[PDB]
Amino acid sequence: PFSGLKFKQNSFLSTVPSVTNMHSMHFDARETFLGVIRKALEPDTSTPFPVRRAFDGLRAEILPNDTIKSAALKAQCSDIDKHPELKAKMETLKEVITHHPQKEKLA
Amino acid sequence: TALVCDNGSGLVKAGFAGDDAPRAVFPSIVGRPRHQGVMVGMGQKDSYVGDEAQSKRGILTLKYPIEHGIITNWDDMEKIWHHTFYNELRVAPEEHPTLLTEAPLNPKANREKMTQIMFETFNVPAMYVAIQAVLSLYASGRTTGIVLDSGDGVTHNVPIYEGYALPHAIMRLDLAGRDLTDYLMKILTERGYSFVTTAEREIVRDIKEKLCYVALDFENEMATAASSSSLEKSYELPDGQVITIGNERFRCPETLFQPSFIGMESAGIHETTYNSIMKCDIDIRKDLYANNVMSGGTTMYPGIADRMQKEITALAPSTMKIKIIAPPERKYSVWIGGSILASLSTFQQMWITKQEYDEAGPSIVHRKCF
Amino acid sequence: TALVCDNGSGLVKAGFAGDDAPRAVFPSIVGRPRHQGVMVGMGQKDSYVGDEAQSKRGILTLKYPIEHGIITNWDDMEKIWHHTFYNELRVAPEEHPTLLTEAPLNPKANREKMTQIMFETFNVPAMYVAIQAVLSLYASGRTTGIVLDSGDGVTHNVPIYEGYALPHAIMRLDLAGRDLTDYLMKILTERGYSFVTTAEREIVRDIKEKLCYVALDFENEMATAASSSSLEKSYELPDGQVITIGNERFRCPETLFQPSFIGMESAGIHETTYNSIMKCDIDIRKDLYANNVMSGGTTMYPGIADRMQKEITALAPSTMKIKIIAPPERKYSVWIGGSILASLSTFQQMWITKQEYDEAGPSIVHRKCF
Amino acid sequence: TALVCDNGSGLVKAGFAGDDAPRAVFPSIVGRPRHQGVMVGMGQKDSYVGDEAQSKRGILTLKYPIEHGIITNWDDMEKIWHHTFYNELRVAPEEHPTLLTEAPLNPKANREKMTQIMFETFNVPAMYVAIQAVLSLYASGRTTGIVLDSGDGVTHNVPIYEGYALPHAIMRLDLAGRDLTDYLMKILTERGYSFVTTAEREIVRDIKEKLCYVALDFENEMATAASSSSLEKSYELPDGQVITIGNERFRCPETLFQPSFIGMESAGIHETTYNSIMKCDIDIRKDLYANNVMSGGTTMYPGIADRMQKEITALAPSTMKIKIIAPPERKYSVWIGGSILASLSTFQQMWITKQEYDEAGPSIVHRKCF
Amino acid sequence: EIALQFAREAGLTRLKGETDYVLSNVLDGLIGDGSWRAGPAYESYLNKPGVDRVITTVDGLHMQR
Ligand SMILES: Nc1ncnc2c1ncn2[C@@H]1O[C@H](COP(=O)(O)OP(=O)(O)O)[C@@H](O)[C@H]1O
Ligand SMILES: Nc1ncnc2c1ncn2[C@@H]1O[C@H](COP(=O)(O)OP(=O)(O)O)[C@@H](O)[C@H]1O
Ligand SMILES: Nc1ncnc2c1ncn2[C@@H]1O[C@H](COP(=O)(O)OP(=O)(O)O)[C@@H](O)[C@H]1O
Ligand SMILES: [Mg+2]
Ligand SMILES: [Mg+2]
Ligand SMILES: [Mg+2]
């Protein structure tokens with residue numbers, strides 16, 4: 001689906017919270033981790049522009065910065081059976097993640 | 001009315017075109033909590049922007065979304081811009097065309113992304129990306145001169161003559177205030193002072209701004225500091241501890257003229273300015289020599305202009321008249337120029353509009369903007 | 001009042017018939033900005049002419065619309081003529097007959113297009129194209145003599161006796177001031193001074209004008225320069241750098257007498273004048289020998305008149321009295337002659353009128369002008 | 001036998017007259033440690049020459065003693081020559097006549113210093129300074145043709161016909177590989193890649209030598225690169241980082257044909273060759289058009305000869321047959337010609353001998369050689 | 001004047017007083033004082049009093065050190 005997509009290695013390491021903050025009684029694990037993965041999925045500038053625009057639409061839809069959008073997507077996926085497009089988008093993004101060159105660190 | 005946002009590495013200077021000063025000047029930082037818990041209702045806010053991050057500094061890790069004039073964290077840069085529009089200027093960006101700035105010889109994706117965000121995220125009616133040295137020359141009133149712009153991320157000089165830039169003479173050094181801040185906390189360890197956190201880096205930046213100065217002759221100043229205590233100054237840390245620094249006061253800014261202090265092979269800012277001038281046509285050099293204009297926070301050291309006057313005078317032929325222009329508003333010259341530029345009636349046709357962006361996309365920025 | 005415009009390859013001498021000197025003298029150059037942008041407020045005019053081009057040469061590419069006496073860019077030439085009338089003389093060309101000049105043996109199309117442009121785009125009531133050597137003889141107050149006219153573009157000899165020209169004895173030599181400027185550039189590199197751009201060609205021309213001189217004995221000056229530094233003179237460039245020039249001071253003008261210096265297979269100006277005289281009737285040669293008239297800027301080198309006497313004397317029979325006439329104002333002698341010519345009441349019927357141009361078209365210039 | 005030392009701006013090509021290729025080819029660089037200390041007993045030296053300087057490039061500052069064909073550091077040049085004779089060729093210069101080379105239109109002090117050092121420092125029995133383009137024609141085996149030699153420092157044209165040079169038609173542009181390397185360094189910043197040190201300049205030179213190529217149609221290639229990634233190639237840096245380069249592959253060498261890219265007001269190499277031919281006699285231009293011979297490393301770009309064929313063909317009249325001769329060994333053609341020249345029996349009396357030198361001194365070189 | 005151009009430009013008088021007999025006397029005829037036996041005064045471009053190290057427009061584009 002995406003050929004020629006490259007990522008800046010270690011770009012996400014700055015985004016990882018301290019372990020002590022992870023224990024905070026109001027720590028948003030889902031949003032913070034999705035933020036880390038979103039940063040890791042930032043296309044490197046060396047990626048061809050048509051691919052960059054193409055993928056940035058995919059990760060922006062699946063991993064939006066905005067909390068309102070992230071909460072909107074969270075509800076729509078609760079009944080994902082009626083969203084074949086999201087199924088396809090999410091499947092495409094899962095395939096990108098599993099081929100990410102730094103998947104081991106992300107895991 | 002048009003918004004002017006000088007998005008520097010260290011500070012955000014933002015405001016409305018036509019005003020004499022920016023309305024909102026706050027650190028270009030996003031801070032996130034690095035400690036734990038532990039009280040109900042006291043942690044729902046993740047991330048802090050600008051002044052609020054600087055005040056809660058002690059419990060946060062601070063990160064600059066811009067390093068060396070380059071946006072490295074676009075998610076945090078959106079937060080910085082959202083804070084600027086909605087919380088500091090209190091404006092709806094979709095009603096205001098926005099002029100913003102960048103250093104010359106930046107990566108081209110840097111302009112494209114900042115155009116993308118302005119049109120697609122903030123829905124701005126129009127935008128423009130100007131060069132900071134050109135804006136500084138606007139602020140100086142001149143149309144000729146070689147600007148030396150040095151802020152937090154990068155120092156560059158742009159020679160301009162009769163309004164014509166000589167791009168082959170643009171110089172860049174990735175050596176600016178933040179490198180000087182880092183060097184100072186390195187040499188502060190010589191006196192047993194250890195600053196390691198991002199918060200402590202901010203306080204060391206504060207020490208630099210208050211106590212550091214450029215020595216007119218570095219060797220004599222070293223001899224003076226070594227032979228006496230006359231150059232020592234004390235500084236009170238936020239917890240009441242008092243640190244005293246002697247020759248570190250001028251050894252830190254000396255890195256600008258001797259970049260080998262931090263291991264850099266590059267030439268000093270004086271030699272870089274001279275090299276930029278010599279790269280220009282022999283006819284325009286005399287005017288450039290007389291119109292060296294400083295801008296940015298990193299040119300606010302006491303004695304920087306006098307040192308530059310001396311250093312460039314030693315490199316130029318003796319018959320030239322070297323003049324350094326260091327306005328007291330140096331730190332905002334870039335924003336001032338952008339405020340001037342955006343309000344000129346002859347500039348209203350140079351905006352990138354939402355319609356041109358739709359037709360062409362982010363690459364429209366390379367065609368419409370220097 | 002008639003307008004007298006001596007459009008030489010190097011300079012535009014323009015003014016009013018009857019005056020003692022041309023009102024306006026400026027370089028025959030059109031400059032265009034070769035650099036980028038970048039400031040909006042200055043207006044950024046797209047082209048510059050004359051003194052304005054010369055002062056802004058640092059950021060322009062300088063173009064001469066006349067090459068070796070021939071107009072090679074008619075658009076730029078029309079710019080130079082519009083500048084002459086409206087900006088320099090501030091006259092309405094519709095009200096003044098215009099006397100132009102050109103070197104002998106020029107392409108005939110050059111004459112016709114000058115006529116066409118003057119009548120059609122400038123709507124002069126009348127005009128006339130004169131020969132620069134003839135005008136120089138007018139300015140010398142003589143009716144007999146061989147004029148050696150050497151400006152920026154071409155050197156030409158015209159022998160005249162009692163007002164009659166011998167057109168078969170006219171000599172033309174495209175070796176002139178501009179070729180000497182280019183040669184000085186070449187030999188200035190021998191000392192490490194590399195001038196390349198057109199703006200720097202103007203600097204080299206300035207060096208030539210005030211430091212070059214003609215040597216009476218070339219070998220003697222070469223020996224003097226080799227064995228001493230007494231002939232070395234310094235020159236300060238616009239940026240303050242000083243160049244020191246030795247035998248290049250007299251080697252550059254020496255090309256006029258040894259064209260093989262620049263690879264030209266032609267005799268020097270001395271032997272060309274002598275060859276012109278010998279092509280004339282034997283009964284007028286004595287009077288031509290005593291009436292050698294120098295004209296034009298390229299005859300302004302110190303020592304050239306004395307060198308021409310030595311050279312012409314070495315060629316002519318010893319009983320001939322060789323006299324070189326080099327008035328101090330020989331640089332404007334051509335314009336002076338045109339001023340005299342256009343003033344004469346008896347010349348007032350020699351004008352090509354607009355009516356004659358209409359009936360005949362531009363070809364009328366060949367019939368009515370030498 | 002005789003030594004042949006083709007020391008250009010970038011590389012030293014050295015060897016023995018009569019051999020088919022230089023024995024010693026190494027960079028013309030002197031490196032000095034820019035870092036500190038710190039281990040005693042290490043085989044540390046205060047300077048490194050050539051291949052060893054490249055190896056330890058990481059901790060050195062690299063300096064070229066020759067720039068734009070001119071030796072600017074005579075102390076570092078003497079150790080470059082000491083390295084050549086003693087460490088690379090393993091010869092005693094005291095018993096070998098040595099043939100040296102330089103570009104045309106160099107400062108005359110350059111040849112004299114070369115002669116002085118060879119006779120006084122290295123005590124060579126005889127020596128000769130030849131012109132690189134003439135040696136290139138020797139290597140091609142022709143006696144007619146216009147040579148375009150382009151190394152690291154200078155590009156020059158020398159038209160020769162039947163062994164006769166037309167020195168008034170020699171062109172020289174101080175625009176060669178080193179200028180192209182610096183331009184590639186500049187335009188690599190558009191993609192975020194920063195190279196500022198001399199060591200990284202060497203890396204960029206490596207990128208240029210193996211990824212850059214000349215576009216046949218520059219606008220077509222620009223459109224191709226803008227619409228697709230088929231022109232993007234990758235390069236692995238010494239530390240393992242991989243940089244992707246697109247239209248910079250052909251924009252870098254486009255500076256040869258469009259010198260305005262780097263702010264030079266100059267004609268491209270295609271126009272300079274055509275201008276050189278036109279300065280030659282009309283009767284030899286046809287043979288020059290068919291004998292354009294390229295030499296030097298900067299002519300090793302893929303597609304440059306085809307681009308020259310297209311560009312000169314567009315400038316010349318349609319009936320002429322333009323032929324570009326680009327031998328695969330055109331990088332060493334200059335040294336090859338020197339090897340041929342120095343081995344001719346007919347040349348052995350053209351050497352400047354030691355007795356000649358000590359009777360005349362350094363200036364002998366100007367009389368004996370070109 | 002032609003003879004001295006030959007000495008200057010072509011080394012006609014290279015052999016100084018060792019110039020062969022007929023050429024020497026022809027030169028003596030043209031130059032009675034015999035000063036031609038001392039070859040032409042050639043200039044040296046080394047250690048010139050005031051010529052060092054000028055940087056023009058194009059030179060300013062390279063400017064090492
Ligand atoms: N009075 C001062 N003396 C010395 N340095 C200063 C002073 N004020 C600001 N600076 C330095 O200037 C930098 C900010 O300058 P600025 O022009 O705002 O840069 P930017 O445009 O990148 O935000 C800071 O890193 C700071 O260390
Ligand atoms: N004092 C001087 N000494 C030497 N050369 C001069 C002097 N004044 C002018 N020139 C030369 O004469 C040329 C201009 O002479 P001019 O008679 O104006 O020619 P044109 O008729 O083509 O304008 C210039 O190229 C300049 O180099
Ligand atoms: N294959 C290649 N492609 C492009 N450029 C090259 C290639 N090989 C060498 N060069 C360039 O040629 C220059 C060296 O050429 P050379 O003829 O050795 O110059 P010099 O005579 O000054 O040593 C270097 O600056 C290098 O960048
Ligand atoms: Mg700034
Ligand atoms: Mg004239
Ligand atoms: Mg070479």
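As a basis for the values below, the full set of heavy atoms in this structure was taken, side chains included, without hydrogen atoms, waters or symmetry mates. Chain letters run A, B, ... following the sequence lines, proteins first, then strands; residues in each count from 1.
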Looking only at the side chains, is there a donor atom on one of A/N21 and A/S24 sitting less than 3.5 Å from an acceptor on the other? yes
Applying salt bridge (charged side-chain N to carboxylate O under 4.0 Å, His left out), run through B/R201 and B/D182 and close with a yes or a no. CA-CA 7 Å; B/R201 167 174 288 101; B/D182 285 335; 2.8 Å; yes
Between B/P107, B/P33, B/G43, B/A109, the one whose heavy-atom pairs under 4.5 Å with chain A are most numerous: B/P33
Between B/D46 and chain A, with a heavy-atom cut-off of 4.5 Å, which part of the residue counts as in contact: side chain, backbone, both or neither? neither
Could you list which of residues 88-107 of chain A have a heavy atom closer than 4.5 Å to any heavy atom of chain B, in residue-number order? none
Please tell me if the side chains of A/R59 and A/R38 come closer than 4.5 Å, counting only heavy atoms from C-beta onward. yes
Has B/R178 got its NZ or CZ under 6.0 Å from the middle of the six-membered ring of B/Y64, at an angle within 45 degrees of the ring axis? yes
Do B/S47 and B/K79 have side-chain N/O donor and acceptor atoms under 3.5 Å apart? no
Strictly by side-chain hydrogen bond (donor to acceptor under 3.5 Å, both in side chains), give each pair with a member in residues 360-370 of chain B just once, sequence neighbours left out. B/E112-B/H366, B/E356-B/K368
Among B/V40, B/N73, B/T61, B/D76, residue most engaged with chain A (heavy-atom pairs, under 4.5 Å): B/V40
So which part of A/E31 gets closer than 4.5 Å to some heavy atom of chain B, the side chain, the backbone, both or neither? neither
Below 4.5 Å from any heavy atom of chain A, which atoms of B/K113 appear? Answer side chain, backbone, both or neither. side chain
Taking the side chain as everything from C-beta on, heavy atoms only, tell me whether B/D152 gets closer than 4.5 Å to B/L11. no
Side chain B/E202, main chain B/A199, donor-acceptor under 3.5 Å: no
Pick one of side chain, backbone, both or neither for A/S14, based on which atoms fall under 4.5 Å of a heavy atom in chain B. both
For the pair B/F119 and B/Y357, name the ring-plane relationship: parallel under 30°, tilted 30 to 60°, perpendicular over 60°. parallel
Okay, B/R32 and chain A: the region with an atom under 4.5 Å from a heavy atom over there is neither
Exceeds 12 heavy-atom contacts within 6.0 angstrom, atom CE of B/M42: no
A/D66 portion near chain B, given a 4.5 angstrom heavy-atom threshold: neither
Taking side chain as everything from C-beta outward and backbone as N, CA, C, O, which of these in A/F27 sits under 4.5 Å from a heavy atom of chain B? Side chain, backbone, both or neither. neither
